[PDB]
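# Geometric and topological summary
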Amino acid sequence: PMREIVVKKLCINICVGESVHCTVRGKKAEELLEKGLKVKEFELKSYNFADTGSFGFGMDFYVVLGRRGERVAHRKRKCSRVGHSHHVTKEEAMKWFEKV
Amino acid sequence: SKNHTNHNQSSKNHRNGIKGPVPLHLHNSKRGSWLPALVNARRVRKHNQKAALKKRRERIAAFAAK
Amino acid sequence: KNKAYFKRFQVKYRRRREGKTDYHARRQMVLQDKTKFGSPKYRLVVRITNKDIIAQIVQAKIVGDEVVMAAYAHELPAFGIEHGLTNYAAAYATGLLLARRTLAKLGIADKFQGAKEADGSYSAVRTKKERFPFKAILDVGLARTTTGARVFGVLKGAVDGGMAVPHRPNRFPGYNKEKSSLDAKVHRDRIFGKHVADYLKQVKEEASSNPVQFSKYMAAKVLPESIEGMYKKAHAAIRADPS
Amino acid sequence: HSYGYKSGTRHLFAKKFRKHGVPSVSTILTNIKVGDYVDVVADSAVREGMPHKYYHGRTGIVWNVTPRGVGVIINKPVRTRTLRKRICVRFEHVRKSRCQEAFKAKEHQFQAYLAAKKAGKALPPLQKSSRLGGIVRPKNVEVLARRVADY
RNA sequence: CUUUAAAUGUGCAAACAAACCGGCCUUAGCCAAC
RNA sequence: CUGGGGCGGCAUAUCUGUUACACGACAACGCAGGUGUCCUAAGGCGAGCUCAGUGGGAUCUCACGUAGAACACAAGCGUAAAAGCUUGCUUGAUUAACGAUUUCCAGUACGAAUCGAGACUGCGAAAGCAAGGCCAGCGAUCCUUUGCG
RNA sequence: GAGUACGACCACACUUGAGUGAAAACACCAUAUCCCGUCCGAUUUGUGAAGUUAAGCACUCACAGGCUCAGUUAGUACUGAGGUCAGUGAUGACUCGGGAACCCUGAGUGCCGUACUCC
Ligand SMILES: [K+]
Ligand SMILES: [K+]
Ligand SMILES: [Mg+2]
Ligand SMILES: [Mg+2]
Ligand SMILES: [Mg+2]
Ligand SMILES: [Mg+2]
Ligand code: NA
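First, a word on what this report is: a plain description of the structure on this page. (Residues numbered from 1 in each chain as written, not as in the entry; some residues may be left out. Chains lettered and ligands numbered in written order. Part of a larger assembly, values for the part shown. Heavy atoms only, no water. Residues with missing side-chain atoms left out of burial classes, pairs and counts.)

Helices and strands together make up the secondary structure of chain B, namely 2 helices and 0 strands. Here the C-alpha radius of gyration of chain B, 26 Å, is well above what a compact globule of 66 residues would show, namely 11 Å. With the principal axes as the frame, chain B shows a C-alpha extent of 80 × 35 × 15 Å. (Helix = DSSP H or I, 4+ residues; strand = E, 2+ residues; numbered from the N terminus. Rg over C-alpha atoms; globule rule 2.2 N^0.38 Å.)

Structure, rendered in structure tokens:
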């Protein structure tokens, strides 16, 4: 069950570049990206997906998702590396996106 | 008009030899060392001198009496 | 990562590779005056795991560090604590127990009793920098030192036990940075567990309207008003029989 | 071309290959008393209290100890005589010396022999020199000669 | 430029103002104390 | 000073690499470069981070990344939970009883630097660290002038 | 036989892939009223035990690449001392001594302390 792929963070950036970043996580972020999914009609190009597992698609959206237990890398004391098998793959991310 | 050489210098130095260093038990001054230990050492030396004077007086008295 | 990359590569120390030790801090912690010729010098190690607290008195050596005394939060059931084992009160109890055990081992007990009770106030530590008390310094490891952490709870427990750990009350809970003062009452509340009691009471007020938090505490008859007396009894037992 | 303090030390003050880094804890815990014999070896990674480049391989005796420093007496030949120079360095740039090890071992061995003789135990048989002769019985015998294939 | 690395070199030590082995005296000098 | 003198230039005080020959020392109007300044922060301390670069994705995000970046300036050495970057508080760039010492060396000074004792302080929970920016950036007698007693 | 906390030496310990993991630990993990900190309880801080060995961690395995120790290279390269030696010379040999490295091939893939605890 610990291999359950879940959404971690979603970042939305608007690049005016003239004389803004924001990240949202938790049950709120799941409420968001529903507007994006509706606007995209639950259909995006295949090349938009990235090998790590994250993807994105005015305000530009970007969602990064992966299994739980990735704290062993961002932890301060006794930091280590997450197993490659436990890391999420592009095909698995695409399957999850199709399922949800 | 400016020349430099080290040609005869080793021979000149060894004519009257290279003298060796002074033994470490001589010129064994303590000036410039750690002051907290220097002060305590001075107090102990004073006590030792008093003790030496007393010991000599006792020796003299013993020899005179017997 | 070619072959030359591996050929010229210096690995770090083992306990830096595993991320357990801060050697830059450890050097200055074990460093001593050279005009002392290796007089004994002890440090207090406080490490808090997911479900335990470890506190030991350590002396450094070339062959490896030597441990003099050790207390654990899971020995508190033998004295009357079976619920928290991790909170601020558990930290205070662990510190007091370790200090009592160390003084009993050295035999200098019955001369330095610290404070018979707890008030949360700050009293300066007596150091050479009337017989002097045992002295040790605090090693928090890689933990972050923020106001109201549990490591300083262990420190306060040891100080009240009777050891002399130099410190300032800038990291105790009831301390205001702007006012630059301490609230002994707030400190006593946190030592005896007022925050835990209030949270448990609020959780019991909830979780009844709708039908994990405080599962075992609620399963037992741990009423939210049976905490301060329990902790006072625990302290008295610890001071009575440290062994 | 310039008489700087650290001129021509590019190879002298340099860490060994795959051995970079600040001193260890055994160095910090080492104990030095007045009258010890020490080696003066510079540590490039400290840069505080380094000796001059002349004293980088010399051995001397300790005459002074401070909170983070040592005083060493070192001989230096200047023209026709030898001086006794006194240098002050940090404790990281000195290392205990094993130059009297054999002498101390000799003294200990003599004391052990004296104790054994007083006790009455039997001493080990003395060693035999290898410069004597005797009958040699050879397992393999060969012929030594230059052959055609050698060149 | 570089880890590897000579031959010839170069510092120190090798028992009589030194060092060794068990009482005692003095000092706050260190250490919670001795 | 000068591969005659003049013209030119300076090595005329001073730093790095080299000449230079595995301790130290070692010359040429030898070689390639620097210096007479700059900084109330570019000084002191605590905390939190990881740089240069490469690959995938729509300045942001992930993975890798032994230092290949950065440390006012020339070069060398050194440095990764830092000595680099950001940030919070500060003025140890103060005073310091004629303490001792290293480099040049005649074992003279000057400049620079190392180990300390005392006062009053800064940062830090603490052990600790700091009397500038490691190592080039400077000056006698007489006279003038200011402070102290 | 193991685990945890503090460690000395700092790759025989590193980097890359599989398999296993009894009990107790150690972790992921649940949560945000109070101390505390952020654009974000992500990191950090407080309060707890519903789920696991998926991940970290430990052991075993693998021509792995690296690292460590031997052997070959090789009495070769270089070198201290000697000659009314040879040669037009570059240089070379001889006499009394010292003596490598890269490469290539074998073997190996951590060890040692204090305290507490489980088999
Ligand atoms: K001349
Ligand atoms: K966390
Ligand atoms: Mg030289
Ligand atoms: Mg820091
Ligand atoms: Mg300067
Ligand atoms: Mg400078
Ligand atoms: Na003077």
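Quick look at the sheet that holds strand β2 (residues 53-59) of chain C now. Residues and elements named next belong to chain C. Strand order across the open sheet formed by 4 strands is β3-β2-β1-β4, with mixed pairing between neighbours. In this open sheet, the two strands that pair with only one neighbour each are β3 (66-72) and β4 (137-139). With direction set aside, neighbouring strand axes in the sheet form an average angle of 25°. Bridge count for β2 against β3 is 6 bridges, and the pairing is antiparallel. In the sheet register, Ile57 faces β3, and the bridge partner there is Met69. Sitting on the sheet, helix α4 (residues 88-106) is in contact with β1 (42-48), β2 and β3, with an inclination near 140° to β3. Relative to β1, helix α5 (residues 150-161) is tilted by about 135°, and along the sheet it contacts β1, β2 and β4. (Pairing = 2+ DSSP bridges. Axes fitted to C-alpha atoms, helices over the stretch in contact; angles between N-to-C directions. Contact = heavy atoms within 4.5 Å.)

Across the boundary between the two partners, chain D contributes 20 residues, which contact 18 residues of chain C. For the side of chain D that touches chain C, the element with the highest residue contribution is helix α1 (residues 25-29) of chain D, accounting for 4 residues. Residue composition of the side of chain D that touches chain C, by class: 10 nonpolar, 6 polar and 4 charged. (Nonpolar A, V, L, I, M, F, W, Y, C, P; charged D, E, K, R; others polar.)

A positive phi angle, near 60°, is found at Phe37 of chain C, a position not held by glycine. Among the secondary structure elements, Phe37 of chain C is positioned in the loop between α3 (23-30) and β1. Even without a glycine there, the phi angle at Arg79 of chain D is positive, about 60°. Looking at the element boundaries, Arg79 of chain D is found in the loop between β3 (69-78) and β4 (81-90).

This brings us to the packing of α4 of chain C against helix α9 (residues 228-240) of chain C. If you want to describe how two helices pack, look at the angle between their axes and the distance between the axes. Residues and elements named next belong to chain C. α9 packs onto α4 with a crossing angle of 15° between their chain directions and a minimal axis gap of 10 Å. Here α4 is positioned roughly parallel relative to α9, judged by the angle of their axes. When you trace α4 past α9, the crossing you get is right-handed. Mapping the contact onto sequence places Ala89, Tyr92, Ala93, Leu96, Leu97 and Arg100 in α4 and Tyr231, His235, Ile238 and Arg239 in α9. Its residues assigned to classes, the contact of α4 with α9 comprises 7 nonpolar, 1 polar and 2 charged. (Parallel < 35°, antiparallel > 145°, perpendicular 65-115°, else oblique. Left-handed = near helix turned anticlockwise from the far one by under 90°.)

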